[PDB]
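Residue numbers (the authors' numbering), protein chains in the order written: chain Y, 66 to 152; chain R, 66 to 152; chain F, 66 to 152; chain H, 66 to 152. In this text, a Cβ means the ideal position worked out from N, Cα and C, and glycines have one as well.
There are 4 protein chains.
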Amino acid sequence: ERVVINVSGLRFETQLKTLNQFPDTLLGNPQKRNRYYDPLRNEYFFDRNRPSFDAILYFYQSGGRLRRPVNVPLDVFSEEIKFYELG
Amino acid sequence: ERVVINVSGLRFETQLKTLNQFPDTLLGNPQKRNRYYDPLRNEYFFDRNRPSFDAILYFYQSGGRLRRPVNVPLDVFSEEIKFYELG
Amino acid sequence: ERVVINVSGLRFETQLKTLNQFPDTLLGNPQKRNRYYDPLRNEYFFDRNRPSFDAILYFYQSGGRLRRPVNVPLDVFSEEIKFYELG
Amino acid sequence: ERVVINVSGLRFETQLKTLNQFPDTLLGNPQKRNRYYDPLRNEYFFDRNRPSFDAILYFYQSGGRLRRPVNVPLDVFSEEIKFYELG
């Protein structure tokens with residue numbers, strides 16, 4: 066019931082139900098997310114920006130609210146939104 | 066004597082005495098906090114905003130001081146305060 | 066040669082030599098730091114503000130430079146400086 | 066294929082291929098990075114500023130983009146850039 070997402074060493078844990086809410090996104094779509102799955106460690110690994118992920122995960126947890134972390138530059142954050150397919 | 070609170074993968078450790086200071090809150094009230102207790106991992110798990118929790122825990126540690134993290138948006142933070150019942 | 070400081074669940078690792086640089090401080094003075102030592106886990110535990118500690122540790126690592134983290138309020142940070150005896 | 070960089074207790078994980086992109090830097094040059102390698106723990110250890118490292122790692126991940134974290138002071142960050150040899 067609980068998924069582990071490893072973003073460059075920073076582990077995030079959430080419920081599969083939280084991700085499946087938006088099946089139109091990378092993390093909400095099994096076919097897409099599975100290419101990042103590590104069966105040895107049983108977690109999804111992304112070699113990407115760590116600070117931006119708090120806002121990405123919150124998008125799912127809040128049911129669709131997206132807020133840019135002030136500490137994260139606008140151009141860095143927009144690239145992440147595009148990668149995770151939230152737009 | 067020490068409690069572990071797991072907020073979306075981010076572990077916080079504090080003393081039970083620190084939480085019991087405010088028995089009128091979610092974390093200070095055994096009946097409320099226990100529904101989030103995971104006996105397998107022996108920790109309380111919250112699938113919620115990670116950045117906001119530093120200020121939530123500090124509220125207990127400082128004996129009642131609540132300060133909003135600049136890096137956390139006002140509307141996101143207020144929802145957390147309501148959830149943890151600090152108001 | 067390496068010490069582990071656990072601040073409310075957030076682990077920091079540094080070298081004993083880095084702390085001993087300022088023997089006039091809490092962390093640089095064996096008699097003071099030892100009352101926070103946990104022999105079971107072999108780490109020093111502080112049930113205190115997590116965000117402020119990055120600047121506290123950097124004080125030792127930089128050889129005396131103290132900068133307040135913008136994300137940490139001035140009154141919260143000053144209380145930490147007083148506790149760790151850096152002034 | 067995956068490297069672990071331990072910055073004062075904060076673990077970062079990336080791919081060796083991500084670092085080797087810039088062989089002219091500390092982390093991209095085997096001869097330089099190896100003096101910080103810990104064979105016992107199998108990770109590279111740096112007793113340095115933690116907040117600055119997110120932007121340092123992102124430099125490699127983004128293929129050369131360097132942005133200063135607002136929460137990190139300009140003079141602290143510049144010292145890190147010099148140490149990791151990104152300039």
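Contact with chain H by residue i, beta-carbon distance below 8 Å
i, result
"residue 127 of chain Y", "no"
"residue 77 of chain F", "yes"
"residue 80 of chain F", "yes"
"residue 114 of chain F", "no"
"residue 90 of chain F", "no"
Boundaries of the beta strand (DSSP E) in which residue i is found, first to last residue
i, result
"residue 77 of chain Y", "75-80"
"residue 69 of chain H", "67-72"
is_contact[residue i, chain F] using C-beta, thresh 8 Å
i, result
"residue 104 of chain H", "no"
"residue 136 of chain R", "yes"
"residue 143 of chain H", "no"
"residue 123 of chain R", "yes"
N- and C-terminal bounds of the alpha helix (DSSP H) containing residue i
i, result
"residue 141 of chain F", "139-149"
Contact with chain R by residue i, beta-carbon distance below 8 Å
i, result
"residue 119 of chain F", "no"
"residue 132 of chain Y", "yes"
"residue 69 of chain F", "no"
Chain Y contact for residue i (CB, 8 Å cutoff)
i, result
"residue 151 of chain H", "no"
"residue 93 of chain R", "no"
Rounded distance between the beta-carbons of residue j and residue i, thought under 8 Å
i, j, result
"residue 68 of chain Y", "residue 84 of chain Y", "6 Å"
"residue 114 of chain H", "residue 125 of chain F", "At roughly 11 Å, the Cβ-Cβ gap does not stay under 8 Å, so residue 114 of chain H and residue 125 of chain F are not in contact."
"residue 98 of chain H", "residue 92 of chain H", "5 Å"
"residue 151 of chain R", "residue 79 of chain R", "Contact doesn't hold; Cβ gap of about 15 Å is too wide."
"residue 133 of chain H", "residue 141 of chain Y", "In fact, because the Cβ distance is near 11 Å, the residues do not count as touching under 8 Å."
"residue 74 of chain H", "residue 76 of chain F", "5 Å"
"residue 145 of chain F", "residue 117 of chain F", "4 Å"
"residue 87 of chain H", "residue 101 of chain H", "The Cβ separation is near 16 Å, so there is no contact."
Inside the segment 97-126 of chain R only - beta strand (DSSP E) runs reaching at least 3 residues: Scanning the segment 97-126 of chain R for uninterrupted beta strand (DSSP E) segments of 3 residues or longer gives 108-111, listed from N- to C-terminal end.
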